[PDB]
Amino acid sequence: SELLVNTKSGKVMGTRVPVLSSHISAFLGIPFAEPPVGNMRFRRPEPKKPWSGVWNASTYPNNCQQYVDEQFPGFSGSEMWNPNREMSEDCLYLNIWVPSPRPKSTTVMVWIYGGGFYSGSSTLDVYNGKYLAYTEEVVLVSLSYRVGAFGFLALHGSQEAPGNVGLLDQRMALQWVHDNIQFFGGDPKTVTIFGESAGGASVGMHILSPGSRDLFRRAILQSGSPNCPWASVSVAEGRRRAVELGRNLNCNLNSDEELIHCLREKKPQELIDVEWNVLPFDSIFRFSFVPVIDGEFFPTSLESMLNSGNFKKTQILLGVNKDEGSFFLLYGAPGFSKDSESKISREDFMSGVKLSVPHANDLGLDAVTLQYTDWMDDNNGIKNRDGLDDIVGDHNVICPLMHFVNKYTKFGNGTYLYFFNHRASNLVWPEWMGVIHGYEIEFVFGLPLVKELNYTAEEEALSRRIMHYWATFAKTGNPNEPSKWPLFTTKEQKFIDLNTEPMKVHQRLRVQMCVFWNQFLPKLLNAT
Amino acid sequence: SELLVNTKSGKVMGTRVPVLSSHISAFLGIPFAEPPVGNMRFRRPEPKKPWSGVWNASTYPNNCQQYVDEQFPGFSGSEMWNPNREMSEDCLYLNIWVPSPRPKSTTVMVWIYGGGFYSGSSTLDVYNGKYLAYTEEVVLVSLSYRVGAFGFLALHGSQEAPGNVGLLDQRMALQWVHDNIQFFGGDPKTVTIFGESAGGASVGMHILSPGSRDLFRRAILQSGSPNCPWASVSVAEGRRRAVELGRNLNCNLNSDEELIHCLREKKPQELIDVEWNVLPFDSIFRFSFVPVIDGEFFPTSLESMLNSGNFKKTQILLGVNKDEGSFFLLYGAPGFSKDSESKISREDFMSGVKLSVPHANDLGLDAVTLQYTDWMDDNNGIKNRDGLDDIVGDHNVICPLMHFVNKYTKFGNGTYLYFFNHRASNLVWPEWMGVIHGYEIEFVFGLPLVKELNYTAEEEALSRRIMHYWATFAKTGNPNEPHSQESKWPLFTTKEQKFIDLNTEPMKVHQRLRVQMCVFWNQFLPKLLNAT
Ligand SMILES: C[As+](C)(C)CCO[C@@H](c1ccccc1[N+](=O)O)C(F)(F)F
Ligand SMILES: C[As+](C)(C)CCO[C@@H](c1ccccc1[N+](=O)O)C(F)(F)F
Ligand SMILES: C[As+](C)(C)CCO[C@@H](c1ccccc1[N+](=O)O)C(F)(F)F
Ligand SMILES: C[As+](C)(C)CCO[C@@H](c1ccccc1[N+](=O)O)C(F)(F)F
Ligand SMILES: [Cl-]
């Protein structure tokens, strides 16, 4: 049948799912690895052992162990990101959406969820790949990877918890797609990896990583990049935090093995309950366990790799959302409220910058303040808010990506940059938050197409062209089908606005502030 | 007679001069000190010793030995600032304009010319004090002081060349005014000292210095203040420079005694010719020999005196001109010319900020650049030109004045701040230069009132109200006339920080003069540079 597929490791039986008064095939919860439980906790994934019989891929798998958000219980805007399935260490599964009739060696798109490496699920309602696969006729895969300590505890030197294993999970899911997507009507030579946040960062790490380069054709990065300040740590910092987790759980710390064996004896939630205590500073947009520059997965420093062109040369399509910082200020910065205009005083502004730039010294904090403060009206609450909404957004998302984009374009084969500034009419978050980190995703996955989700007519149309650009990029390496989205070049540095209005072409995306973040501030801090 | 006066030192015979269809009394070239010549070069000024008979005070005196500007020979715009009389080390004299008939005991205004402490004359056409004295009915004094090495050679520890002697020269003219202005109809209890550029910095230095404090009542500072980066140097830097000056003239350098004796044998021009060779860096708006923070004229750092309120508390009126830097970039920065729009390329901009901020390190230069660059349009010549202009004007004049006003106001008894942004219709300099450094002076001294100098009717009006605000400030301590229908120049307070524009348009009140950039120059950069 159309739902029965013979794979390299075994047989799989999918399910027919309805989509916009039609149908397509879905293959949910296919294992690409051996459950990383028990003795296998913190270790490099192992390929899934073949199975006899038929595997039931009609329902979503379990979600990986993660810190669940409870800031706003019941509230949809936050819960839509929380796990919607039972959590388990047995969570290394992938989802495939296959149009009907099954295509022949067609375009493949792999989704990598984000959530700062500490959280994330492949089963979220907004990651439902049926609308994208059906509308664009692409085979859509959504993978999963260990997060938090479970995927990134890094004690460099030991083979028990070497680090980056969460990234290695992603890579084995990619290998699986490579060895098996052909059986589903997908061309393994035309694979596009795409994601947002830590998932967009992930994408970039695979472009950098030699061991991952050959497992995909192109890349799409959404509001994230490898060089982000929160996306990685040195081996010594990784070890520092891993030791700090042991100290927090009263573990023996004489040796790595002794410490690792102790962390394995602990129940999943026990680790999760002390996860944030290892962070060196009181901050926002900083996550405990993330990728490490170990010399293995990543040969040298991200920067030196980027300067020397030591990375996969291909076409990339990436971009940022207008208000990346607002989600992080609401959760951790004083003055910010989900139920108010969140006007910030000068005092809450000073402390807000200290929370956004944790590594900077006093001179550094003065530079940031001087850069984002209007001194003729320094007590304007809106300006202090919007101004703080830029620091976190420029520092953590926009400027890192623009540094990436400009370093990549020097050796690459084609870059396409976007700025997403449309605020969804049915948004549940307050107006001061603007176009929030992660709210382009519902447009990339075509949710505006399902009418009972109450999107405007022009939002569905905006969703349809974002999807077409995505898919058309995936298929040809150019989002344009023969108003054009122009190529980003180091001379022109062109990009487009991604909204309901007729496409407009701009230049030098936030160059003023990004010259500060990528060049001046780093130089200052190094010198001081 | 109205023109013959019995001063404390001796008799003086003035001259009757015409002014706008009327007449006034003028006493030019009156000596207030012994000529600082021979073995008296570099030494503190001594009082003029009494004379018998009448002193002919009917003609301007000699200008002090200074570097003459020969960038544009014959050009009125630059030569109007050059010496207009013979140069001589015998230059310590002062000029007085007295209304006729003589007033009883009226308001006194003393002018201290500027010119980076290296140049300047009391005799320039723009300093003709007849118009202001006749028009505002005040007694106008014009003084002189030793400039360059002559008035500021500083070998600290030595009593032959202790430094600050040019400032001391000023103070003696001031003491003279105090001991003798009453005979001319002036009130020694009501003297306002005012000056532009190094003259405004001089005024502020007398506000800070304990020995000059009681010689005046009020103060006016124009386009200059005491803490300006170019206005003073440490005793070390003063000593280094005086040694480098000896080294440039093959002098014996074993002791201050031998070094000073060597320089006293040199002809005046011999010193002037190497004067600029002693500066630390290639730069603009930096002068060689200037006031030294000696611990005598200045008890402690200007900043600590400002912080602890160790200064004369009175009323001050001060302000700045829209484009304070253009004059300096034209003379020493590549790309700038008086025969073109002076559009500056990105390269010429980078080298420009280096010449402008000579003391800053690489990181410092980068901060300055980042602060004044429009990165979306960084190849714009107009923007690079204006950008550079503002750098030089904010750094050297405006922000150090804002720092000063802001500090003084916490202790003062009245502060009135102005922003002069009127471009004179008959200006001789190019359009890009804007409202140049020194060009409000002609309005202060009422030049626009002499119809044959070709100013517009509205320019004569501006000049009248500027002179009136100045005079009324000198008389009352408030530029505004009580219960007058005219708009009002509001007080500058630390909380409100108000100031007015000074032009032909109806007055406007603004707040926090160039804060953004001044927070950078006065607060951030100094910290940045301190961290190193
Ligand atoms: C497409 As998401 C990378 C699951 C939306 C933003 O999520 C942030 C976040 C930021 C600030 C407060 C809470 C959260 N959150 O609950 O997910 C992060 F970092 F978790 F991903
Ligand atoms: C014991 As906590 C008060 C969940 C440590 C920091 O928490 C942040 C936060 C919360 C949710 C997602 C990301 C972040 N962060 O990156 O800092 C905030 F916002 F609560 F303070
Ligand atoms: C009221 As004046 C202080 C005698 C005019 C500007 O003078 C400047 C200056 C600035 C740049 C180029 C040339 C000159 N100049 O010839 O006097 C200086 F040097 F006197 F301060
Ligand atoms: C031996 As030279 C070329 C007279 C020292 C610097 O010269 C300045 C300058 C020259 C004349 C008056 C004022 C200035 N200044 O204030 O910097 C500049 F700008 F020409 F280079
Ligand atoms: Cl081990």
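Residue numbering in chain A adheres to Swiss-Prot, whereby the residues present occupy positions 25-506, 511-556 in order.
Positions of Cβ are set from backbone N, Cα and C atoms, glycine also.
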Going by the disulfide annotation in Swiss-Prot, which one of A:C115, A:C252 is bonded to A:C88? A:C115
Nearest-integer angstrom distance between the alpha carbons (Cα) of A:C88 (disulfide bond) and A:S221 (active site, acyl-ester intermediate): 18
Mind checking which of A:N80, A:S221, A:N437, A:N478, A:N554 has the fewest other CB atoms within 10 A of its CB? They're the recorded positions. A:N554
Between A:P506 and A:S511 there are 4 residues with no coordinates; how far apart are their CA atoms in Å? 11
Tell me which of the recorded positions A:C115, A:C275, A:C423, A:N437, A:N478 ends up closest to A:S221 (active site, acyl-ester intermediate) in space, Cα to Cα. A:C423
Whole-number Å distance between the CA of A:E348 (active site, charge relay system) and the CA of A:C115 (disulfide bond)? 29
Compare the C-alpha of A:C423 (disulfide bond) with the C-alpha of each of the recorded positions A:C286, A:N437, A:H461, and give the closest one. A:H461
Sequence-ordered recorded positions from A:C115, A:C423, A:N437, A:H461, A:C542 with Cβ under 6 Å of an atom of ligand 1: A:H461
Under a three-state DSSP reduction, the secondary structure at A:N80 (N-linked glycosylation site) is strand
List the residues of the same chain that sit at least 6 positions away from A:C542 (disulfide bond) in sequence and have their Cβ under 8 Å from its Cβ, in sequence order, or write 'none'. A:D418, A:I422, A:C423, A:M426, A:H427
Please identify, from the disulfide-bonded residues A:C115, A:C286, A:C423, the residue with the sparsest Cβ neighbourhood, meaning fewest other Cβ atoms within 10 angstroms. A:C286
Need the DSSP three-state call for A:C115 (disulfide bond) to compare against my parser. coil
